[PDB]
Amino acid sequence: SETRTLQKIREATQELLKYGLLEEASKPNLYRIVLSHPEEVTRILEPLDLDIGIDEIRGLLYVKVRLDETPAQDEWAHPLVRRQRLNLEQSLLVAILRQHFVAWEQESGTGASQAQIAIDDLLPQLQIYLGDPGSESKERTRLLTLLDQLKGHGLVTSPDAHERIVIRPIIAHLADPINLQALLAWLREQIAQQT
Amino acid sequence: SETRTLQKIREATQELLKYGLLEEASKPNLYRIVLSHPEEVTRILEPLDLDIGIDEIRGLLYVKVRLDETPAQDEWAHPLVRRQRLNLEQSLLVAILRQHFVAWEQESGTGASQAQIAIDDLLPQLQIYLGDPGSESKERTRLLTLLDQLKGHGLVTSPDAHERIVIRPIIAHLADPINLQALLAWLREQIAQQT
Amino acid sequence: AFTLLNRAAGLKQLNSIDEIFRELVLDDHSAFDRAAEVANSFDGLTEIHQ
Amino acid sequence: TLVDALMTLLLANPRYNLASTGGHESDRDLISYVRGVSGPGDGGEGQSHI
Amino acid sequence: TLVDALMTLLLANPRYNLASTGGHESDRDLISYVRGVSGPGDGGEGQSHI
C-alpha cells in the first residue's frame, strides 16, 4: 500500500532543507546519505523547484532555486526562499571574502573549509570604500553588522573568541565566474548611468 | 533528464508550504486541483514527514506533521516545524476567536460565512482580562499589533477597512482547544473572584 | 508480559489466533535492526560505486 | 477507572477503558483521568465535565 | 442461532452470530446453520463437525 521513502533519506533531506546547505566535516552522515541518492533527493525537491548542487572537493551540498516553467526569473522572488536578497553593500564584503578564500585555498589546498580571517584585516578594506568615519566603534560596529547579515545568508561563521572567523566554502558557489560576470555587467551599467 | 511535476500542483504545494494553508477563498482553483490530486500532494510531502489535513466543509486545506505512531520521544520532534508558545494576550485572543467561530457555526451551521467582529468589541474583551496599559490608544495599538501577529500565523485576516476582521477556518483545527477554554473560563472566573 | 496482562483484562474475542499470539503473547526478536545493520555495511561499497 | 489506574501503574502505554470496546480499542486516557473528565460538557467553556 | 433464524427471514444480509463478538464480526453463516455445524473443523474434515 504505502511506499514510505527511506526514513534515512527523510532525515537527511529534511535536515538539509532546515539549513539550506550541509557540510561534510560537520554532519557527514546525512551528507553521504544524500550523496547516496542524489536522484531521489532531486525528485523529492523538484516539485518545490529546489535543486541540489554539489562540491565534493570541499565537502559541501546545498540547495539552489530551479529556473523552469517560469523562465529564469530573479530567483529570490520564489516564495520558499526565505530571506531578502543580497545587497551590493553585502556584495562588497562578499568579494573581499571570496578573494581571501581563494587566496588561502591556493596555498593550503582545497582540503578544508577552514579558510579563516581576522576581523581587523577587513577594516582597511572597507575603510577604502565605506570611508573612514574615524571611530573604531562605528566602523567595527558596521563591520560586525555586515558579517551578521551574511551569516544570515550562511556565508560566514560569526566571530569567535579570537575575533577570527571561518569562511563557509559555499561562498565559492556564490562568487561564480558566471554570476560575477552578470554582476560586473550590471555594475558597469550602473556606472554608465551614475555618470 | 527527469520529468517535472505539474506546474499547478507545484504552485499549490509551494503556497501551502509558505502559509501552511490553501483555501477556496485564496486559491480556489488550486484547491480544486489538489482535491483531485491529493495523492500527488502527500507523495511530495511524505519524504519530509509532512502531510495535509483537509476540510471540505470550510474549503480549507492545511498541513500537519505526518510522523508515525508510538514514537521514541512521546511527542514528535520535527526538524522543520519549530514550535511557539504564545504570550497570554495572543492565546487569549485565539481562544476568544475560537469560541467566536464555534458560536458562529452554532447559530449559522458549519461552513456559514463568518460575520465580522469589531475592534470596538475586541478592546472591551481584552479589557476584560488585561486591564489597561495607560490609554485606549495603547489598547487599540497593541490589539492591532497582535492581530498583525495572528494574521502572521494566518488565523485571521488583516485589520479590514472598517476596523472589523474575519476568522480563518484554520481555527477549526488548532492545537488543543481544551487548553483555550480551560484558560478562558479560568481567567473570567479569576477576574470575577478578584473584583 | 505487562501488555498481554492489560489486553487480557478484556480481549474476550480471540477473533483470530494469529494476532493474539504473534503480538500479545510471543516475545519479539525480529531482525529488522540487524538486517538494516547488514544493509548499511554495504552502503560503503555503494558509495564507491556511485 | 480503577483498573485503568492499575494499568497506568504497570504499563508504558495501556489501552485505557479497553473493556467497553471488547478488546480492540481504547478511548479514555491518562490526562482525562488526571483531570477527572466525565463527558463532553458544552465544550466551549464548561468545566463541569472536567 | 434462533435470533439469526428470525433475522434470516427479515434481512437480505443477516450478519450471523454478530452479537457474540459484540459488533466486530458475524463469523457464522447460513450454510453452516443448514449444515448444523457444532463448531469449527474438530480436527478432521469429513463433516464430523457437521
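Parameters at a glance
- Residues numbered from 1 in each chain as written, not as in the entry; some residues may be left out.
- Chains lettered and ligands numbered in written order.
- Part of a larger assembly, values for the part shown.
- Heavy atoms only, no water.
- Helix = DSSP H or I, 4+ residues; strand = E, 2+ residues; numbered from the N terminus.
- Buried < 20%, exposed > 50% of the residue type's maximum accessible area, 1.4 Å probe, protein only.
- Contact = heavy atoms within 4.5 Å.
- Areas by Shrake-Rupley, 256 points an atom, 1.4 Å probe, with all protein chains shown as cover.
- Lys, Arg positive; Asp, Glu negative; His and termini not counted.
- Charge placed at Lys NZ, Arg CZ, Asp CG, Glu CD.
- Pairing = 2+ DSSP bridges.
- Axes fitted to C-alpha atoms, helices over the stretch in contact; angles between N-to-C directions.
- Buried area = accessible area lost by both parts, 1.4 Å probe.
- Salt bridge = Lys/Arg side-chain N within 4 Å of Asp/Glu carboxyl O.
- Polar contact = N/O pair within 3.5 Å; in protein donor to acceptor, adjacent residues only side chain to side chain.
- Nonpolar A, V, L, I, M, F, W, Y, C, P; charged D, E, K, R; others polar.
- 1 Å grid on protein atoms, 1.4 Å probe; cavity = no way out; pocket = protein on both sides within 12 Å on 5 of 7 lines; lining within 4 Å.
- Points joined across faces, edges and corners; volume = space filled by probe spheres on them.
- Core = buried A, V, L, I, M, F, W, Y, C linked by side-chain atoms within 4.5 Å.
- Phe/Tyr/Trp six-rings, centres within 6.5 Å; stacked < 30°, edge-to-face > 60°.

The deposited coordinates, according to the entry record, derive from cryo-EM at 4.13 Å resolution.

**With respect to the overall build of chain A**
Scanning chain A for helices and strands turns up eight helices and five strands. Of the regular secondary structure in chain A, the N- to C-terminal order runs α-β-α-α-β-β-α-β-α-α-β-α-α. Each principal axis of the C-alpha atoms in chain A carries an extent, and together these give about 70 × 40 × 30 Å. For chain A, the proportion of its 195 residues judged to be buried stands at 36%. A sequence separation of at least 24 residues applies to 57% of the contacts in chain A between residues at least 6 apart. As presented, chain A carries roughly 11,600 Å² of accessible surface, and 52% of it is formed by carbon and sulfur atoms. Between the centroid of the 21 positive side chains of chain A and the centroid of its 29 negative side chains there is a distance of 5 Å.

**Brief notes about the sheet that holds strand 1 (residues 21-23) of chain A**
All names here are of chain A. Pairing in this open sheet of three strands is antiparallel, and the strands run 1-3-2 from one edge to the other. Edge positions in the open sheet fall to strand 1 and strand 2 (50-55), since each of these has one partner strand only. Neighbour-to-neighbour, the strand axes of this sheet turn through a mean angle of 20°, independent of strand direction. Summarising the sheet, strand 2 and strand 3 (residues 60-65) pair through six bridges and their orientation is antiparallel. Residue pairing for strand 3: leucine 50 is matched across the bridge by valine 65. Lying over the sheet, helix 2 (residues 28-36) contacts strand 1, strand 2 and strand 3, oriented at roughly 60° with respect to strand 3.

**Describing the interface of chain C and chain D**
Taken together, the eight residues of chain C in the interface contact nine residues of chain D. Around 820 Å² of area is buried between chain C and chain D when both sides are counted, 63% of it from carbon and sulfur atoms. In terms of surface lost to chain D, no three residues of chain C exceed C:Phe2, C:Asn6 and C:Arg7, which account for 56% of the buried area on that side. If you look at where chain C meets chain D, you find zero salt bridges. Here chain C and chain D share two residue pairs in polar contact between them. Here the side of chain C that touches chain D is built from residues that sort into three nonpolar, three polar and two charged.

**Let's talk about the pairing of strand 3 of chain A**
All names here are of chain A. Taking burial as the measure, the six residues of strand 3 include five buried ones, the bulk of the element. Relative to strand 3, strand 1 runs antiparallel, the two sharing three bridges. Directly across from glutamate 23, in strand 3, lies its bridge partner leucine 60. Hairpin remark: strand 2 followed by strand 3, antiparallel, with four residues in the connecting loop; positive phi at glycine 59, about 85°.

**Here's the deal with the interface of chain A and chain B**
With 21 residues of chain A in contact, the opposing surface of chain B contributes 20 residues. Across the chain A to chain B interface the summed buried area is about 2,000 Å²; carbon plus sulfur atoms make up 49%. Three residues, A:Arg4, A:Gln14 and A:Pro47, lead the burial of chain A against chain B; their summed loss comes to 28% of the area buried on that side. In this assembly, chain A and chain B are joined by eleven salt bridges. Across the pair A:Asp68 and B:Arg4 runs a salt bridge, and its minimum N-O distance is 3.7 Å. Put simply, chain A and chain B have 18 residue pairs in polar contact between them. For the side of chain A that touches chain B, the secondary structure elements donating two or more residues are helix 1 (7-19) and helix 3 (38-45) of chain A. Here the residues of the side of chain A that touches chain B are counted per class, giving six nonpolar, four polar and eleven charged.

**Thoughts on the environment of A:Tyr19**
All names here are of chain A. Its place among the elements puts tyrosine 19 in helix 1. Given the relative accessible area of 42%, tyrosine 19 is considered partly exposed. Between the C-alpha atom of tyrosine 19 and that of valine 63, which follows or precedes it by 44 residues, the distance is 9.4 Å.

**Digging into empty space enclosed by the protein**
Residue and element names in this part refer to chain A. On inspection of all chains with the given rule, the structure shows two cavities of 30 Å³ or more. Looking at the largest cavity, its volume works out to about 90 Å³. Lining the largest cavity, in full, are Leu123, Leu126, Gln127, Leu130, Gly131, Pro133, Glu139, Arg142 and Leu143. Among the elements of the structure, helix 5 (119-129) and helix 6 (136-153) are those that each provide at least two residues to the lining of the largest cavity.

**Comments concerning the side chain of A:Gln90**
Within the secondary structure, A:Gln90 is located in helix 4 (residues 88-108). Apart from the residues within four sequence positions on either side, A:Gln90 is in contact with A:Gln149 and A:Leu150.

**A word on the nonpolar core**
Residues and elements named next belong to chain B. Counting residues in each nonpolar core, the largest one holds 23 residues, and the members touching the most others are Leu97, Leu122, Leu143, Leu147 and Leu150. The biggest single contributor to this core is helix 4 (residues 88-108), with five residues. Other than its neighbours up to four places away in sequence, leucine 122 contacts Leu93, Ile117, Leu143, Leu147 and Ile165.

**Notes on the packing of aromatic side chains**
Remark: the centre distance and the inter-plane angle together describe each pair of aromatic rings, the angle taken between the planes. Scanning the model with the defined rule gives two aromatic pairs over all chains in all. Measuring from centroid to centroid gives 6.4 Å for D:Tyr16 and D:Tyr33, while their planes differ by 50°, and the two rings are tilted. Of this pair, D:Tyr16 sits in the loop between helix 1 (2-10) and helix 2 (18-21) while D:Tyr33 is found in helix 3 (residues 30-34), placing the two residues 17 residues apart along the sequence. Taking 6.3 Å as the distance between ring centres and 70° as the angle between the ring planes, the aromatic pair formed by E:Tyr16 and E:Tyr33 counts as edge-to-face. Assessed through its relative accessible area of 23%, E:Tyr33 is described here as partly exposed.

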